[PDB]
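What follows is a single chain, given as structure tokens, in the form deposited in one PDB entry.
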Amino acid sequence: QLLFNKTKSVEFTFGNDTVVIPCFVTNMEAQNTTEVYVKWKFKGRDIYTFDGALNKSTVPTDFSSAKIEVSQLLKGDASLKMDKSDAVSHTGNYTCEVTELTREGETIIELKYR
């Protein structure tokens, strides 16, 4: 498995213009982003997929803003970034799935809108 630096939950108020959900793999050894696949899951569906082999990101219509900092992937950072509009309409537990070659793992972070 890929191993994670876990986080129970994060928060963001109305003042938070953009929302960041932390995901950090600790035993990542990817040589190129082509080796990497990232899934951010929410209520079953994939609200964001990064396909490194194809170098493409896929999002549904509701999640028009969701993206990650691809520059950070090789470091093991697959944190998710979205605006306030997408955040409020989708509040709950998030699953961060990362795959490197054949190794895979996931971890859960709950988004709270206090």
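Start at 1 and count along the sequence shown; that's the residue number. Basically, rigid core = biggest C-alpha set you can superpose within 1.5 Å across the two forms. Only residues modelled in both forms are compared.
FYI, the form deposited in another entry isn't displayed, but the following is about it.
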item	value
Residue 13 C-alpha moves between the shown form and the other one by 2 Å or more, core aligned	no
Cα displacement of residue 22 between the shown form and the other one reaching 2 Å, rigid core superposed	no
Once both forms are overlaid on the core, stretches between the shown form and the other one of 3 or more residues with C-alpha shifts of 2 Å or more	102-114
